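Worksheet for the structure shown next.
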Amino acid sequence: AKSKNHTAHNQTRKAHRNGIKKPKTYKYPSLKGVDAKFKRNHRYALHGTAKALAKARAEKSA
Amino acid sequence: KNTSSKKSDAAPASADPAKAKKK
Amino acid sequence: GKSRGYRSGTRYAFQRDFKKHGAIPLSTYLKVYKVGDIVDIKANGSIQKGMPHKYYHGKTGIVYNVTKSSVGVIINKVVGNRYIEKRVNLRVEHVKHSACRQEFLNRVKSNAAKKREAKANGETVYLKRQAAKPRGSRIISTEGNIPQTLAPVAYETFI
Amino acid sequence: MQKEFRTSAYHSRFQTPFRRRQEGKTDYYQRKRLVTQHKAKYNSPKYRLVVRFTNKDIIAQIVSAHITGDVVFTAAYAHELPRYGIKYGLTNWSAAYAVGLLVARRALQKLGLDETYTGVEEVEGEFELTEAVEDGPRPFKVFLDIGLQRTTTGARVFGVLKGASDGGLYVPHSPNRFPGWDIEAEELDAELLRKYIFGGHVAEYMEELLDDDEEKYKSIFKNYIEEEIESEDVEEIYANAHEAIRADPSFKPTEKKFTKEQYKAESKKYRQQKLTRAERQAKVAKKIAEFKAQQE
Amino acid sequence: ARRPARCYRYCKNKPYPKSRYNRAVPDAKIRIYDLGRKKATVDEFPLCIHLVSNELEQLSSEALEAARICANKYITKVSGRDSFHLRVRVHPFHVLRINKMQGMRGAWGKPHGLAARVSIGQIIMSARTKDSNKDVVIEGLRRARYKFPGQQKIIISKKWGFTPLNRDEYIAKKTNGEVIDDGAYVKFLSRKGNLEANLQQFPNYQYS
Amino acid sequence: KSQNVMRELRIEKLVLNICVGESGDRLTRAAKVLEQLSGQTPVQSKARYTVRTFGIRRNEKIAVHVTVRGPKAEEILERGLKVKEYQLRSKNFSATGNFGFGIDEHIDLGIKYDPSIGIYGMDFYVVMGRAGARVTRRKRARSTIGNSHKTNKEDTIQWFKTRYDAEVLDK
RNA sequence: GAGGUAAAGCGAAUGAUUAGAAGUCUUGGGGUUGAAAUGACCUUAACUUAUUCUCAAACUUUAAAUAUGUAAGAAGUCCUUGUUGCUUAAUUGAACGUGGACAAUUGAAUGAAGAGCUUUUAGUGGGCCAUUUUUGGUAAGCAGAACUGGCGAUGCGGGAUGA
RNA sequence: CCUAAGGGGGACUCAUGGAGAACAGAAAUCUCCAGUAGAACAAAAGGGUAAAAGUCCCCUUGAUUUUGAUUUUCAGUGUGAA
RNA sequence: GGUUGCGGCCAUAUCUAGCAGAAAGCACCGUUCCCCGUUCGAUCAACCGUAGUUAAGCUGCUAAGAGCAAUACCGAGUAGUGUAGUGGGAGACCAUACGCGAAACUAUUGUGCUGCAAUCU
Ligand SMILES: [Mg+2]
Ligand SMILES: [Mg+2]
Ligand SMILES: [Mg+2]
Ligand SMILES: [Mg+2]
Ligand SMILES: [Mg+2]
Ligand SMILES: [Mg+2]
Ligand SMILES: [Mg+2]
Ligand SMILES: [Mg+2]
Ligand SMILES: [Mg+2]
Ligand SMILES: [Mg+2]
Ligand SMILES: [Mg+2]
Ligand SMILES: [Mg+2]
Ligand SMILES: [Mg+2]
Ligand SMILES: [Mg+2]
Ligand SMILES: [Mg+2]
Ligand SMILES: [Mg+2]
Ligand SMILES: [Mg+2]
Ligand SMILES: [Mg+2]
Ligand SMILES: [Mg+2]
Ligand SMILES: [Mg+2]
Ligand SMILES: [Mg+2]
Ligand SMILES: [Mg+2]
Ligand SMILES: [Mg+2]
Ligand SMILES: [Mg+2]
Ligand SMILES: [Mg+2]
Ligand SMILES: [Mg+2]
Ligand SMILES: [Mg+2]
Ligand SMILES: [Mg+2]
Ligand SMILES: [Mg+2]
Ligand SMILES: [Mg+2]
Ligand SMILES: [Mg+2]
Ligand SMILES: [Mg+2]
Ligand SMILES: [Mg+2]
Ligand SMILES: [Mg+2]
Ligand SMILES: [Mg+2]
Ligand SMILES: [Mg+2]
Ligand SMILES: [Mg+2]
Ligand SMILES: [Mg+2]
Ligand SMILES: [Mg+2]
Ligand SMILES: [Mg+2]
Ligand SMILES: [Mg+2]
Ligand SMILES: [Mg+2]
Ligand SMILES: [Mg+2]
Ligand SMILES: [Mg+2]
Ligand SMILES: [Mg+2]
Ligand SMILES: [Mg+2]
Ligand SMILES: [Mg+2]
Ligand SMILES: [Mg+2]
Ligand SMILES: [Mg+2]
Ligand SMILES: [Mg+2]
Ligand SMILES: [Mg+2]
Ligand SMILES: [Mg+2]
Ligand SMILES: [Mg+2]
Ligand SMILES: [Mg+2]
Ligand SMILES: [Mg+2]
Ligand SMILES: [Mg+2]
Ligand SMILES: [Mg+2]
Ligand SMILES: [Mg+2]
Ligand SMILES: [Mg+2]
Ligand SMILES: [Mg+2]
Ligand SMILES: [Mg+2]
């Protein structure tokens with residue numbers, strides 16, 4: 001039979017109708033793949049930070 | 001006792017260049 | 001037979017620079033990378049572990065993870081009509097701090113210094129950069145520089 | 001007829017090694033393994049115990065490496081030993097032990113870890129590592145850097161090792177390179193190591209040589225003869241030196257007979273200075289004219 | 001056997017030289033590139049005449065051999081075998097391919113012949129001779145022009161023989177002791193390097 | 001100054017080679033001869049490659065050689081020069097200032113003959129050098145030797161003639 | 001920041017390649033001197049040295065144009081000191097933070113019938129042409145790739161006529 | 001294809017040329033000097049490698065256990081490999 | 001300023017051939033009982049600093065030096081190239097327009113700078 005093998009013609013036309021969109025940025029990136037040892041300890045540091053801020057505001061309320 | 005160690009690397013030599021007859 | 005291996009077509013990309021083969025200068029191992037740093041990626045052919053794929057050779061990205069000998073860098077790669085977030089683990093031999101930070105971080109300092117100085121002097125200063133503008137009027141002195149007349153030259157053969 | 005090898009293309013394509021490798025002074029393989037720090041410890045440095053031997057001196061330095069160059073923390077030289085009571089044999093194995101003890105104590109003085117981490121105060125030659133104190137700062141960790149010097153059981157570099165370990169520094173090591181290690185029966189004869197710490201081998205050489213060759217004893221051990229120092233009081237020389245080193249390990253610089261400017265002015269008088277371009281052009285012109293006498 | 005040259009006139013393919021990748025390549029028909037009195041000194045033949053290509057084109061080794069023979073025959077017949085030094089300035093290094101010697105399947109050809117790829121303004125043949133032999137040498141090259149496809153110009157060089165200096169700069173460098181013989185060519189003095197070797201090589205150097 | 005104490009020529013090493021063409025008992029007896037002469041256990045050299053014409057094969061123990069230094073080297077050297085009756089050739093000296101000769105029977109040196117051992121010829125090579133060659137052989141800071149301090153053919157020839165009252169031919 | 005294509009280079013590496021010249025104790029040979037030396041001479045051929053003509057998709061020091069990664073702030077910069085079981089010899093750092101300062105020229109241009117997001121489903125999955133880059137082939141209204149623009153799916157004015 | 005040709009450490013420096021040493025010659029072994037790699041690294045080719053990744057020596061089993069994250073091909077599925 | 005130890009950049013530092021080097025340092029240098037390694041205390045190990053030397057290393061200077069580095073009314077706005085035309089030419093190819101723009105060549109200049117610690121006529 002024998003047919004067309006490959007062509008990238010018209011493929012950039014299709015990608016640019018609705019795409020070529022830069023990804024959105026967020027304030028907090030996901031920590032997926034971040035070192036487990038750092039991630040394990042970072043959990044305790046954040047928990048303790050919330051306690052200190054909670055007590056400081058609890059002082060400034062009652 | 002003791003023997004000389006192979007400082008060289010011509011592992012698959014078993015012969016040498018330049019060693020041409022009639023020379 | 002088609003060939004499409006991991007390092008195909010990297011004959012010159014992964015070559016060491018001319019007269020620059022051999023041991024790595026140790027400032028490479030003394031640099032400190034922090035999460036959020038912008039780094040250029042350039043594969044060193046003499047270190048094969050933690051080596052980037054040929055796509056990331058010449059790309060710039062953000063460090064997201066720091067390990068014993070490596071950093072994780074986030075790259076945005078075009079796949080069709082959108083970007084996909086890529087997370088590449090690279091040994092620090094293939095990584096260098098991006099020089100684009102130091103120009104902008106200095107302009108921030110210069111703008112802050114200029115603003116306070118104008119604030120100190122009670123005047124105003126404009127900090128936005130401007131593109132190069134067309135040049136103004138000017139007067140050309142001809143003392144010692146009387147115009148010399150040129151003409152197109154005839155054709156000659158020099159062989 | 002063979003090809004000349006040293007062509008201009010050979011020099012053009014030649015890639016010179018690192019400057020300090022071409023000097024044959026730095027093993028950059030070993031330097032990379034020693035210096036490089038875990039990237040997740042960021043700016044915490046690794047500390048090296050640099051130990052170098054010259055023909056007359058022992059140099060021990062505590063160094064951390066940086067991009068602008070290495071930075072010395074403290075340094076003890078063997079030529080500091082006469083201040084502590086050791087005047088001769090400034091390259092013994094025991095002088096190495098003394099230098100290691102001095103640098104350990106001096107570093108701990110600089111840090112403030114004197115009362116904590118005293119070290120091995122009663123040197124019996126037993127293998128021991130500086131253990132951390134509970135509920136307190138960990139001992140100053142230092143890694144041994146012997147440079148290009150070969151690793152042999154009995155080498156002098158490990159004398160500085162034992163001194164630094166005994167001085168209170170935490171220096172990770174094994175005892176199978178100390179003098180007195182039986183390789184067949186893998187245990188350390190601590191008696192012979194203690195012998196080596198207090199110059200026992202040198203004293204035994206003095207005693208063994210004295211009754212077998214008095215003339216050689218007179219030439220080799222001159223300084224001992226004019227000081228009337230025998231073998232039996234060598235140990236005290238070290239035991240006192242040890243005590244003095246622990247009493248005041250601080251660095252005292254030598255009072256300089258001249259100022260920096262005077263030294264610089266004196267040295268600047270010698271050493272030829274490069275010729276101006278015009279001078280060498282005149283030299284070239286003279287050589288051309290003076291070449292005219294071989295025209296045949 | 002051999003196709004007409006019209007099949008290989010244009011540089012349609014990349015250069016295909018003999019290499020470790022094609023080995024069964026025939027030899028070029030041209031093997032001799034210097035003719036006449038090739039051992040003559042530079043001062044003997046001041047006049048240089050070039051045959052220059054005005055085409056980006058391929059010239060076969062067969063054509064090079066034929067044109068070389070034609071020019072050599074004419075000039076030695078008319079002026080004598082020792083009145084000139086002829087040099088062919090293009091070497092055929094590009095291998096042409098032939099397919100038939102089914103259909104288009106597996107059509108990669110076999111080496112068939114050799115051609116030199118010449119550019120516009122590239123010199124094909126250079127002839128150094130004396131001035132009095134100008135009209136002979138020109139007519140020798142003009143006949144050789146007939147053996148080539150495309151357009152070629154016969155250009156009288158401004159330079160002395162095969163040297164890169166004009167016919168006036170060569171005389172200046174000659175009376176200044178800056179030129180020495182090297183057989184058929186010359187060596188020029190350098191103001192760089194070992195001064196003693198330079199002075200030894202040029203004793204007659206009037207230094208300024 | 002050319003007349004410096006440290007510029008003194010003196011022997012660096014003497015190397016004794018017996019290249020018996022085969023392996024086994026004969027090579028062992030040549031090694032016995034060498035260990036007898038030098039008092040040190042010699043070392044056997046293996047063929048780098050195979051040659052059928054010479055009857056050798058790769059890694060077959062062919063030759064044996066030993067290196068001697070110091071007074072024993074001096075004694076062996078003069079013992080061998082006695083056999084040569086103190087007469088070498090100019091061609092016996094290399095461009096690097098080393099020299100060598102070859103004896104043909106090892107009983108001429110002055111050792112006891114054993115029918116079991118037999119007689120082996122022997123090859124002598126002396127490596128010359130001044131003081132300070134340790135620069136080129138030490139591990140740290142290895143460097144090269146200056147031209148005046150280098151050993152050459154003429155200095156070695158003159159030193160040999162002076163120290164042994166021998167003759168250096170040139171046939 | 002990355003790149004190794006165009007160009008360029010070969011008295012620069014590698015590979016190919018024309019020509020002489022001067023030299024050397026394995027010169028490769030012929031003749032002559034040799035009593036014969038193998039020690040000269042005439043010669044050709046080898047190499048070496050400084051040169052010379054011409055080349056490379058799977059060669060290369062150098063090295064574009066076009067094209068390509070990142071950045072140009074309020075999620076920024078700086079100051080102080082809280083959390084941790086991580087890290088440091090540490091009171092060192094790491095990450096996340098409290099509190100404070102820097103106000104519309106809040107940190108290039110130009111544009112923006114606004115930006116962002118989701119679900120679901122059709123047809124299609126034979127293509128072809130033009131310029132330029134380009135492969136096989138002698139070539140082809142031939143076969144095959146690169147980027148773009150078109151025809152297909154498109155009428156209208158021009159090319160008489162013609163996707 | 002490989003219990004090392006895997007892993008660690010240590011010592012040394014290859015291809016080749018020149019000048020020399022009984023038999024010994026173009027090729028045996030020995031010595032010095034030169035030697036940017038012109039070698040070697042299982043197998044195609046490219047890259048990489050010199051106080052080594054090459055040669056030699058010592059000790060070993062990380063060619064092990066639990067499973068996650070990531071890169072290439074990619075639909076951002078699988079497999080292989082890292 | 002010299003020198004040593006440890007370095008950063010990694011030839012403006014390398015290579016060749018000469019010449020010079022006060023002080024200290026470094027070095028060669030002396031020895032083999034001891035730990036240790038060798039065919040060989042040559043390398044490696046250890047001892048003495050005692051007997052000697054700047055001969056060498058190292059350092060500096062010299063060279064129309066090789067190489068390397070930098071610069072440019074050098075070559076050259078050349079080669080190449082993005083973009084354009086119902087431009088030229090049978091073609092091969094070429095000119096023009098708006099832009100970008102080499103390499104070789106030529107000439108000139110230079111030949112390590114520098115951080116921490118210690119020390120010195
Ligand atoms: Mg079909
Ligand atoms: Mg299809
Ligand atoms: Mg091998
Ligand atoms: Mg195939
Ligand atoms: Mg393929
Ligand atoms: Mg590259
Ligand atoms: Mg691997
Ligand atoms: Mg990867
Ligand atoms: Mg303002
Ligand atoms: Mg370098
Ligand atoms: Mg090591
Ligand atoms: Mg084609
Ligand atoms: Mg023909
Ligand atoms: Mg024609
Ligand atoms: Mg035999
Ligand atoms: Mg490519
Ligand atoms: Mg080209
Ligand atoms: Mg090209
Ligand atoms: Mg070029
Ligand atoms: Mg003849
Ligand atoms: Mg605080
Ligand atoms: Mg805040
Ligand atoms: Mg702007
Ligand atoms: Mg959808
Ligand atoms: Mg659908
Ligand atoms: Mg759909
Ligand atoms: Mg459907
Ligand atoms: Mg569908
Ligand atoms: Mg179809
Ligand atoms: Mg269909
Ligand atoms: Mg179109
Ligand atoms: Mg056109
Ligand atoms: Mg087609
Ligand atoms: Mg078809
Ligand atoms: Mg249709
Ligand atoms: Mg339409
Ligand atoms: Mg119409
Ligand atoms: Mg028409
Ligand atoms: Mg129409
Ligand atoms: Mg391996
Ligand atoms: Mg192994
Ligand atoms: Mg190994
Ligand atoms: Mg190793
Ligand atoms: Mg397995
Ligand atoms: Mg697949
Ligand atoms: Mg996947
Ligand atoms: Mg996928
Ligand atoms: Mg998978
Ligand atoms: Mg996969
Ligand atoms: Mg100054
Ligand atoms: Mg002195
Ligand atoms: Mg010794
Ligand atoms: Mg030693
Ligand atoms: Mg000196
Ligand atoms: Mg001197
Ligand atoms: Mg120069
Ligand atoms: Mg110069
Ligand atoms: Mg154009
Ligand atoms: Mg166009
Ligand atoms: Mg028209
Ligand atoms: Mg233009």
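Following the order of the structure tokens, chains are lettered A, B, ..., residues in each are numbered from 1, and ligands are numbered from 1.
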Could you list, with a cut-off of 12 Å and counting only C-alpha atoms and all ligand atoms, the residues of chain B near ligand 3, each shown with its nearest atom pair and the distance in Å rounded to one decimal, rows sorted by chain and ascending number, as CSV?
```
residue,atom,partner,partner_atom_place_in_ligand_line,distance
B:6,CA,ligand 3,1 (Mg),9.7
B:7,CA,ligand 3,1 (Mg),10.2
B:8,CA,ligand 3,1 (Mg),7.8
B:9,CA,ligand 3,1 (Mg),4.3
B:10,CA,ligand 3,1 (Mg),5.6
B:11,CA,ligand 3,1 (Mg),4.1
B:12,CA,ligand 3,1 (Mg),7.1
B:13,CA,ligand 3,1 (Mg),9.2
B:14,CA,ligand 3,1 (Mg),11.8
```
Could the residues that lie within 12 Å of ligand 36, counting only C-alpha atoms (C1' of nucleotides) and all ligand atoms, be listed as a ChimeraX atom specification? /G:149-156,163
Expected file contents, prior selection, N, CA and C atoms (P, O5', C5', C4', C3', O3' and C1' of nucleotides), as a PDB file, in the first residue's frame:
```pdb
ATOM      1  P     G G 149       1.346  29.466   9.678  1.00  0.00           P
ATOM      2  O5'   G G 149       0.946  29.940   8.214  1.00  0.00           O
ATOM      3  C5'   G G 149       1.218  31.263   7.756  1.00  0.00           C
ATOM      4  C4'   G G 149       1.179  31.335   6.248  1.00  0.00           C
ATOM      5  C3'   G G 149      -0.126  30.842   5.643  1.00  0.00           C
ATOM      6  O3'   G G 149      -1.152  31.812   5.687  1.00  0.00           O
ATOM      7  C1'   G G 149       1.692  29.898   4.476  1.00  0.00           C
ATOM      8  P     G G 150      -2.676  31.345   5.552  1.00  0.00           P
ATOM      9  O5'   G G 150      -2.887  31.126   3.995  1.00  0.00           O
ATOM     10  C5'   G G 150      -3.846  30.190   3.520  1.00  0.00           C
ATOM     11  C4'   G G 150      -3.440  29.596   2.197  1.00  0.00           C
ATOM     12  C3'   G G 150      -4.365  28.534   1.619  1.00  0.00           C
ATOM     13  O3'   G G 150      -5.448  29.092   0.907  1.00  0.00           O
ATOM     14  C1'   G G 150      -2.131  27.786   1.521  1.00  0.00           C
ATOM     15  P     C G 151      -6.939  28.594   1.186  1.00  0.00           P
ATOM     16  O5'   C G 151      -7.088  27.315   0.254  1.00  0.00           O
ATOM     17  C5'   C G 151      -6.937  27.425  -1.157  1.00  0.00           C
ATOM     18  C4'   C G 151      -6.715  26.081  -1.803  1.00  0.00           C
ATOM     19  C3'   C G 151      -7.723  25.015  -1.419  1.00  0.00           C
ATOM     20  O3'   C G 151      -8.923  25.118  -2.140  1.00  0.00           O
ATOM     21  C1'   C G 151      -5.561  24.118  -1.264  1.00  0.00           C
ATOM     22  P     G G 152     -10.300  24.746  -1.431  1.00  0.00           P
ATOM     23  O5'   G G 152     -10.122  23.241  -0.937  1.00  0.00           O
ATOM     24  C5'   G G 152     -10.083  22.169  -1.868  1.00  0.00           C
ATOM     25  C4'   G G 152      -9.720  20.882  -1.182  1.00  0.00           C
ATOM     26  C3'   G G 152     -10.728  20.381  -0.167  1.00  0.00           C
ATOM     27  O3'   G G 152     -11.734  19.617  -0.797  1.00  0.00           O
ATOM     28  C1'   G G 152      -8.554  20.344   0.777  1.00  0.00           C
ATOM     29  P     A G 153     -13.240  19.599  -0.258  1.00  0.00           P
ATOM     30  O5'   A G 153     -13.543  21.105   0.134  1.00  0.00           O
ATOM     31  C5'   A G 153     -14.823  21.469   0.640  1.00  0.00           C
ATOM     32  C4'   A G 153     -14.754  22.687   1.523  1.00  0.00           C
ATOM     33  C3'   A G 153     -13.816  23.785   1.026  1.00  0.00           C
ATOM     34  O3'   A G 153     -14.396  25.056   1.301  1.00  0.00           O
ATOM     35  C1'   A G 153     -13.210  23.153   3.216  1.00  0.00           C
ATOM     36  P     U G 154     -15.869  25.435   0.772  1.00  0.00           P
ATOM     37  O5'   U G 154     -15.681  26.898   0.202  1.00  0.00           O
ATOM     38  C5'   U G 154     -16.008  27.144  -1.148  1.00  0.00           C
ATOM     39  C4'   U G 154     -15.042  28.075  -1.814  1.00  0.00           C
ATOM     40  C3'   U G 154     -13.849  27.407  -2.488  1.00  0.00           C
ATOM     41  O3'   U G 154     -13.551  28.058  -3.717  1.00  0.00           O
ATOM     42  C1'   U G 154     -13.096  28.942  -0.841  1.00  0.00           C
ATOM     43  P     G G 155     -14.142  27.457  -5.095  1.00  0.00           P
ATOM     44  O5'   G G 155     -15.468  28.306  -5.315  1.00  0.00           O
ATOM     45  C5'   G G 155     -15.429  29.533  -6.024  1.00  0.00           C
ATOM     46  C4'   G G 155     -16.365  30.565  -5.454  1.00  0.00           C
ATOM     47  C3'   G G 155     -16.123  31.987  -5.923  1.00  0.00           C
ATOM     48  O3'   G G 155     -16.717  32.243  -7.185  1.00  0.00           O
ATOM     49  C1'   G G 155     -16.329  31.974  -3.583  1.00  0.00           C
ATOM     50  P     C G 156     -15.794  32.700  -8.414  1.00  0.00           P
ATOM     51  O5'   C G 156     -15.557  34.243  -8.128  1.00  0.00           O
ATOM     52  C5'   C G 156     -16.620  35.084  -7.724  1.00  0.00           C
ATOM     53  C4'   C G 156     -16.089  36.370  -7.166  1.00  0.00           C
ATOM     54  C3'   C G 156     -14.981  37.009  -7.974  1.00  0.00           C
ATOM     55  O3'   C G 156     -15.449  37.737  -9.086  1.00  0.00           O
ATOM     56  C1'   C G 156     -14.388  37.002  -5.695  1.00  0.00           C
ATOM     57  P     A G 163      -7.949  23.023 -11.607  1.00  0.00           P
ATOM     58  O5'   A G 163      -7.515  23.860 -10.325  1.00  0.00           O
ATOM     59  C5'   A G 163      -8.469  24.609  -9.571  1.00  0.00           C
ATOM     60  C4'   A G 163      -8.174  24.534  -8.094  1.00  0.00           C
ATOM     61  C3'   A G 163      -6.795  24.997  -7.660  1.00  0.00           C
ATOM     62  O3'   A G 163      -6.784  26.392  -7.438  1.00  0.00           O
ATOM     63  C1'   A G 163      -7.399  22.969  -6.564  1.00  0.00           C
TER      64        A G 163
END
```
Test item: residues no farther than 12 Å from ligand 57, counting only C-alpha atoms (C1' of nucleotides) and all ligand atoms, as a list in words: residues 191, 192, 193 and 194 of chain E; 12, 63, 64, 65, 66, 67, 68, 69, 108, 109, 110 and 111 of chain I
Dump as a PDB file, in the first residue's frame, selection limited to C-alpha atoms (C1' of nucleotides):
```
ATOM      1  CA  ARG E 191      60.208  39.336  12.256  1.00  0.00           C
ATOM      2  CA  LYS E 192      59.029  36.871  14.926  1.00  0.00           C
ATOM      3  CA  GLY E 193      60.765  33.989  16.665  1.00  0.00           C
ATOM      4  CA  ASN E 194      64.372  33.106  17.268  1.00  0.00           C
TER       5      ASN E 194
ATOM      6  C1'   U I  12      49.394  36.121  31.566  1.00  0.00           C
ATOM      7  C1'   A I  63      64.884  35.307  24.705  1.00  0.00           C
ATOM      8  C1'   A I  64      62.826  40.093  17.211  1.00  0.00           C
ATOM      9  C1'   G I  65      61.898  32.107  21.819  1.00  0.00           C
ATOM     10  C1'   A I  66      57.338  28.152  21.094  1.00  0.00           C
ATOM     11  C1'   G I  67      52.720  28.309  23.446  1.00  0.00           C
ATOM     12  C1'   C I  68      49.103  31.035  26.065  1.00  0.00           C
ATOM     13  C1'   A I  69      46.142  35.780  27.209  1.00  0.00           C
ATOM     14  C1'   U I 108      50.445  45.608  19.082  1.00  0.00           C
ATOM     15  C1'   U I 109      50.739  44.532  24.236  1.00  0.00           C
ATOM     16  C1'   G I 110      51.309  41.194  28.323  1.00  0.00           C
ATOM     17  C1'   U I 111      53.666  36.325  30.649  1.00  0.00           C
TER      18        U I 111
END
```
Residue list for chain D near chain F as number ranges by chain, 10 Å, only C-alpha atoms: D: 20-27, 147-150
Give me every strand (DSSP E) residue in segment 13-110 of chain E, going by DSSP on the backbone, as an mmCIF file with C-alpha atoms, in the first residue's frame.
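And here is the file that came out, out07.cif:
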```
data_model
loop_
_atom_site.group_PDB
_atom_site.id
_atom_site.type_symbol
_atom_site.label_atom_id
_atom_site.label_comp_id
_atom_site.auth_asym_id
_atom_site.auth_seq_id
_atom_site.Cartn_x
_atom_site.Cartn_y
_atom_site.Cartn_z
ATOM 1 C CA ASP E 34 52.089 19.651 -11.886
ATOM 2 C CA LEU E 35 53.500 19.655 -15.422
ATOM 3 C CA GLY E 36 56.177 21.435 -17.413
ATOM 4 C CA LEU E 47 54.014 35.656 -15.331
ATOM 5 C CA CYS E 48 51.020 33.767 -13.902
ATOM 6 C CA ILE E 49 47.815 32.973 -15.791
ATOM 7 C CA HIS E 50 44.770 31.345 -14.175
ATOM 8 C CA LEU E 51 41.747 29.500 -15.535
ATOM 9 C CA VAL E 52 38.945 30.531 -13.189
ATOM 10 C CA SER E 53 35.487 28.975 -12.842
ATOM 11 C CA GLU E 57 29.667 23.333 -10.442
ATOM 12 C CA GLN E 58 31.235 19.868 -10.412
ATOM 13 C CA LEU E 59 34.086 18.961 -12.777
ATOM 14 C CA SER E 60 34.796 15.269 -13.361
ATOM 15 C CA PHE E 84 56.121 26.725 -18.298
ATOM 16 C CA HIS E 85 54.950 25.195 -15.020
ATOM 17 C CA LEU E 86 51.309 24.090 -15.129
ATOM 18 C CA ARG E 87 49.399 23.320 -11.925
ATOM 19 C CA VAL E 88 45.881 21.947 -11.617
ATOM 20 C CA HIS E 94 33.643 13.976 -4.235
ATOM 21 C CA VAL E 95 32.368 10.496 -5.133
ATOM 22 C CA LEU E 96 29.463 10.247 -7.563
ATOM 23 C CA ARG E 97 27.032 7.339 -7.232
ATOM 24 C CA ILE E 98 25.208 5.103 -9.708
ATOM 25 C CA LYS E 110 27.714 2.422 -5.721
#
```
